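Enquirer: One structure coming up, written as structure tokens, with questions to follow.
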Amino acid sequence: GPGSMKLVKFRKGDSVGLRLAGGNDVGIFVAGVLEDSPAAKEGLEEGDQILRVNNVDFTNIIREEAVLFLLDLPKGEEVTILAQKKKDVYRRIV
């Protein structure tokens with residue numbers, strides 16, 4: 001089936017606080033979450049696949065475009081990340 005996804009809502013600091021991995025073929029993955037970020041606080045974790053941010057699809061985006069996208073998110077504004085734990089896929093990427 002379609003599975004159980006997580007929804008994380010946080011307010012962007014100076015940065016979102018996320019390292020990315022993957023790409024257009026397999027998905028964008030959270031490689032790292034700084035404990036210094038509100039991304040971690042809200043329950044976003046390494047090996048999470050990012051499906052959506054702010055109603056922009058992250059399933060057909062290239063890693064480079066995702067980075068720029070997260071950078072471009074207005075500072076101090078709320079971000080809405082739709083995600084899903086996919087570690088076993090993740091372990092192959094890294």
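How things are named: the first chain in the structure tokens is A, the next is B, and so on; residues count from 1 in each chain; ligands count from 1 in the order shown.
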As an NGL selection string, please: every residue in chain A that a backbone DSSP assignment puts in alpha helix (DSSP H).

Expert: :A and (38-41 or 63-72 or 87-93)

Enquirer: Can you tell me, as JSON, numbers by chain, what residues are no more than 8 Å from segment 65-74 of chain A when counting only C-alpha atoms, ignoring any on the same chain fewer than 3 positions away?

Expert: {"A": [12, 15, 16, 20, 28, 58, 61, 62, 77, 79]}

Enquirer: A:92, A:22, A:41, A:84: which is nearest residue 4 of chain A, counting only C-alpha atoms?

Expert: A:84

Enquirer: Mind pulling up the distance from atom CA of residue 13 of chain A to atom CA of residue 64 of chain A?

Expert: 20.9 Å

Enquirer: So the first atom is atom CA of residue 17 of chain A and the second is atom CA of residue 45 of chain A; what is the distance between them in Å, to one decimal place?

Expert: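 Taking atom CA of residue 17 of chain A and atom CA of residue 45 of chain A, their separation equals 11.4 Å.
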
Enquirer: List as number ranges by chain the protein and nucleic acid residues near residue 29 of chain A, meaning an atom at most 10 Å away when only C-alpha atoms are counted, but skip any in the same chain fewer than 6 places from it.

Expert: A: 18-23, 45-51, 58, 63, 83-87, 89-90, 93-94

Enquirer: For the selection you just gave me, I'd like the residues written to a file as a PDB file, in the first residue's frame, keeping C-alpha atoms.

Expert:
ATOM      1  CA  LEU A  18      19.597  19.405   6.507  1.00  0.00           C
ATOM      2  CA  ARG A  19      22.222  17.540   4.541  1.00  0.00           C
ATOM      3  CA  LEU A  20      20.703  15.809   1.488  1.00  0.00           C
ATOM      4  CA  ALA A  21      21.457  12.602  -0.450  1.00  0.00           C
ATOM      5  CA  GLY A  22      20.130  10.859  -3.581  1.00  0.00           C
ATOM      6  CA  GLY A  23      18.573  12.378  -6.664  1.00  0.00           C
ATOM      7  CA  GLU A  45      15.717  11.856  10.885  1.00  0.00           C
ATOM      8  CA  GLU A  46      18.592  10.590   8.770  1.00  0.00           C
ATOM      9  CA  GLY A  47      17.417   8.066   6.168  1.00  0.00           C
ATOM     10  CA  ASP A  48      14.082   9.826   5.845  1.00  0.00           C
ATOM     11  CA  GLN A  49      12.952  10.266   2.225  1.00  0.00           C
ATOM     12  CA  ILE A  50      11.599  13.765   1.551  1.00  0.00           C
ATOM     13  CA  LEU A  51       8.374  13.574  -0.495  1.00  0.00           C
ATOM     14  CA  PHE A  58      10.315  16.275  -4.008  1.00  0.00           C
ATOM     15  CA  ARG A  63      19.565  16.866  -5.452  1.00  0.00           C
ATOM     16  CA  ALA A  83       8.498  12.575   4.624  1.00  0.00           C
ATOM     17  CA  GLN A  84       8.790   8.816   5.020  1.00  0.00           C
ATOM     18  CA  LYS A  85      11.327   6.553   6.761  1.00  0.00           C
ATOM     19  CA  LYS A  86      13.074   4.545   4.004  1.00  0.00           C
ATOM     20  CA  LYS A  87      16.353   3.475   5.633  1.00  0.00           C
ATOM     21  CA  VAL A  89      16.889   2.231   0.437  1.00  0.00           C
ATOM     22  CA  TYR A  90      18.975   4.967   2.105  1.00  0.00           C
ATOM     23  CA  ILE A  93      22.779   5.480  -1.492  1.00  0.00           C
ATOM     24  CA  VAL A  94      25.438   6.256   1.143  1.00  0.00           C
TER      25      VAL A  94
END
